[PDB]
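Okay, so here's the structure we're looking at.
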Amino acid sequence: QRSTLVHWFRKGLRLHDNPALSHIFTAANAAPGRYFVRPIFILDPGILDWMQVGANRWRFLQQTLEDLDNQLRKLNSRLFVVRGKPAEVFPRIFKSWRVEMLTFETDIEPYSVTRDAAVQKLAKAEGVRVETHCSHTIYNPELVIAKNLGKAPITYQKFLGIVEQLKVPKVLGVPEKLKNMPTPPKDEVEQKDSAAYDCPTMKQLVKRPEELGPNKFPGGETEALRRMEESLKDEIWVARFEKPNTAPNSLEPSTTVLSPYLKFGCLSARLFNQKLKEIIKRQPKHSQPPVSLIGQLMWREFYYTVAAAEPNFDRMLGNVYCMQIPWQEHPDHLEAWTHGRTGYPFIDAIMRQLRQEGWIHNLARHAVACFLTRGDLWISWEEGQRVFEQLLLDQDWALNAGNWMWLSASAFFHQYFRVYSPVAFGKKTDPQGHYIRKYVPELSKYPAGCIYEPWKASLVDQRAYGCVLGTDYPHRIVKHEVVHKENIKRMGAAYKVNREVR
DNA sequence: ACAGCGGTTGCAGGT
DNA sequence: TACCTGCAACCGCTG
Ligand SMILES: Cc1cc2nc3c(=O)[nH]c(=O)nc-3n(C[C@H](O)[C@H](O)[C@H](O)COP(=O)(O)OP(=O)(O)OC[C@H]3O[C@@H](n4cnc5c(N)ncnc54)[C@H](O)[C@@H]3O)c2cc1C
Ligand SMILES: O=c1nc2n(C[C@H](O)[C@H](O)[C@H](O)CO)c3cc(O)ccc3cc-2c(=O)[nH]1
């Protein structure tokens, strides 16, 4: 018959390096038998208005919550998956559980800002102590903004100068095994259903299981650490890691693929940073930022900082960084790009892997992002943002929007002369086109001399490869060698228009 | 002041 | 091999 401490999961679905969670566990064990602990995850049915979520990411979260519960079970506790909106949920669970303190990890995203504010205001009303922690990113965006005179650095090299003169926080371990902690007595919901706050099953979470692809990347903290240690095994590979040197179209990932685990917070970026630093010190010949592996982690930190200031970071209108470009509507060309039926086998192969597996390589994301926007189709990056938002396992509001602005040359990147060739780009790393053959099996019998460009081969040859254009594989919707030059001139025109105002 | 430099990852043609 | 200059040219940051 006592008060309750609460940790609230949103991002940071881990035990390791969770100062918000450890602060609960250390305090509860400081006064044993005086508290109840409720590690909660609010299954908010309001994020659906905020973001598109595909089947693949729902599977990831299902596996994450299942692992988080298993990890919490070993600490004499458990997870509580509460259904309903926080604005409705909190008032009830504050009184019924009798909550004294509530902790959670901070998030810059607009949905959280309005949510975290409304929660903390109500906490002040109900006499609930709230102390938040900043552990999703290595550096606090506000402090970076502050030390750069109340504004965010709009270049990478300037950003590096601001962050290097800041203290790197202590990476924490796993919280203590709860001493003298019985199961909290069943509330109004738990009495009416014992399994009310249990982990949502696949059926409960994934509404359309036919959209699910192969489960190549299982969710959870356990897999995150496991995959990290596997990636850090070859220290030679880690040290000399240079991003442009990595292939976009290799069958098995040329990079670590820790981004989904960093997005959900199954892996601590601080720990990953700390682990990388240690290897660097044991390796003489090592790569330096931005191309380095730590540099890649710094890019995450970079996009998180600029987005912290601008709430309209995901849209063109009202965005302080985004170049105002008259993008054209074309639902026909949009539907084709979204489902990988453009007629460009390299672009289609990437988009099909994105739909099926839920992850694609950085330079593979580059090729498609350029093609849709300033490259060929001249379609707004906001459209491709939603496609990525739905299909990506690592869908990060800040990272998704920022990198889309990079490739559309709306912000940060400005050299619109550098346009990716959907025909040539893939050839360098994959001359045979194995990647195309796997994800576009229609063209698997085509020779390497015209697999990136089927329109080059005669009809009599098309029949001989068991794939005729127009039926078995769509005609190329636009002509790259023509459209990209016209788009270059369009980019220069809009670059003047924005320059005029300033 | 305007002007040189650097900018995660262009392409084609060349050595 | 890994880097050579054309292409006609952007932005922010620097002194
Ligand atoms: C149009 C577009 C949209 C993108 N959307 C997302 C997204 O929503 N979420 C996301 O995590 N990444 C996004 N990326 C960035 C990048 O493609 C991925 O982070 C990377 O390919 C994931 O593979 P990895 O984990 O092996 O990265 P690694 O090469 O292993 O890099 C290490 C870590 O650094 C981070 N990182 C790498 N590249 C970037 C970068 N370009 N910007 C910011 N952080 C980076 C990732 O979290 C990654 O886990 C996007 C890129 C483009 C071009
Ligand atoms: O608080 C929650 N946040 C959820 N978010 C997590 C989200 O990243 C954080 O809540 C952010 O802090 C919101 O801006 C999700 C994100 C996804 O990409 C996919 C599914 C979810 C589900 C939830 C959820 O149920 N509850």
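Using ideal geometry, Cβ is built from the backbone for each residue, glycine included, and neighbour counts are taken over all protein chains shown. Read-outs throughout are calculated quantities, based only on the coordinates presented, and are distinct from any laboratory measurement.
A few points about this structure:
- The charge dipole of chain A, taken about its Cα centre with unit charges on the Cβ of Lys, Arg, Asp and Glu (plus for the first two, minus for the last two), comes to roughly 900 debye.
- Contour excess over end-to-end distance, with Cα ends at A:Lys147 and A:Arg98 and 0.36 nm allotted per residue: 13.6 nm
- Cα centroid separation, segment A:56-77 to segment A:184-198 (Å): 19
- Our summary gives chain A a relative contact order of 17 percent, counting only alpha carbon pairs under 8 angstrom and 6 or more residues apart.
- Each residue of segment A:492-502 is assigned a 3J(HN,Hα), and the resulting list reads x, 5, 6, 5, 5, 3, 6, 5, 4, 4, 9 Hz, derived from the Karplus form 6.51 cos²θ - 1.76 cosθ + 1.60 (θ = phi - 60°), x at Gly and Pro.
- Helix A:221-231 axis, angle to chain A major axis (alpha carbon atoms, nearest 10°): 50
- Shape call, segment A:1-154: gyration tensor on alpha carbons, a/c limit 1.5: rounded
- Under the combined filter of DSSP loop state and at most 14 neighbouring Cβ atoms within 10 Å, segment A:433-476 retains these trypsin sites (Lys or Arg not before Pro): A:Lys445.
- The convex hull of the Cα atoms of segment A:1-77, projected and averaged over all directions, covers 6.2 nm².
- Qualifying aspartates and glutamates (Cα of each under 13 Å from Cα of A:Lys445; at least 8 residues distant if same chain): A:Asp461, A:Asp472
- Largest first, the three principal axis extents of the alpha carbons in segment A:398-502 are 59, 27, 23 Å in whole numbers.
- Take every Cα pair under 8 Å whose residues are at least 6 apart in sequence, average their separation, divide by the length of segment A:339-383, and the relative contact order is 23 percent.
- The Cβ shell under 12 Å around A:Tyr439 holds other residues with a net charge of 0, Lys and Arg each +1, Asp and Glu each -1.
- With respect to chain A, whose longest principal axis is taken over its alpha-carbon atoms, helix A:110-125 is tilted by about 10°.
- Karplus-derived HN-Hα couplings along segment A:423-437 (A = 6.51, B = -1.76, C = 1.60, θ = phi - 60°), whole Hz, x at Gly and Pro: 8, 9, 3, x, 4, 4, 8, 10, x, 7, x, 4, 4, 5, 4
- In degrees, nearest ten, helix A:269-281 long axis to first principal axis of chain A (Cα): 70
- Three-way shape call for segment A:296-361 based on the alpha-carbon gyration tensor, with the a/c threshold at 1.5: oblate
- Gap separating the Cα centres of segment A:199-254 and segment A:1-34, nearest whole Å: 29
- Based on DSSP H segments of at least four residues, each scored -39500 (n - 2.57), chain A has a per-residue ellipticity at 222 nm of -13500 deg cm²/dmol.
- Around A:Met316: net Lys/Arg minus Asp/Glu count, Cβ-Cβ under 14 Å: -2
- Prolate/oblate/rounded call for chain A, Cα gyration tensor, a/c under 1.5 rounded: prolate
- Neighbourhood charge, 14 Å Cβ-Cβ cut-off, centred on A:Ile236 and excluding it, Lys, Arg +1 and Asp, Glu -1: +1
- Label zone at A:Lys438 (point 7 Å along Cα-to-Cβ), backbone N below 20 Å, segment A:359-398: A:359-369, A:391-394
- Stokes-Einstein diffusion for segment A:226-336 at 10 °C, viscosity 1.306 mPa s, with a Kirkwood radius from C-alpha pairs, works out to 95 µm²/s.
- Under Stokes-Einstein, with the Kirkwood radius over Cα pairs as Rh, the value for segment A:311-496 at 25 °C and 0.890 mPa s is 145 µm²/s.
- Taken along the Cα-to-beta-carbon direction at a fixed 7 Å, the label points for A:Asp234 and A:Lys124 span 5.4 nm.
- Distant-in-sequence amide H partners of A:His7 (H built 1.01 Å from N, under 5 Å): A:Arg38, A:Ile40, A:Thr103
- With a Förster radius of 45 Å applied to the beta-carbon distance between A:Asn312 and A:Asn76, the computed FRET efficiency rounds to 0.50.
- Rough spin-label spacing in nm, given labels placed 7 Å along Cα→Cβ, for A:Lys428 and A:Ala448: 1.8
- Neighbour-count ranking [beta-carbon atoms within 10 angstrom, fewest first] of A:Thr106, A:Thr342: A:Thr106, A:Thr342
- Inter-label distance for A:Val497 and A:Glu131, nm, one decimal - labels placed 7 Å from Cα along Cα-to-Cβ: 5.2
- Note on A:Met202 and A:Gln324: the extension gain reaches 39.7 nm, defined as 0.36 nm multiplied by sequence separation minus the Cα-Cα distance.
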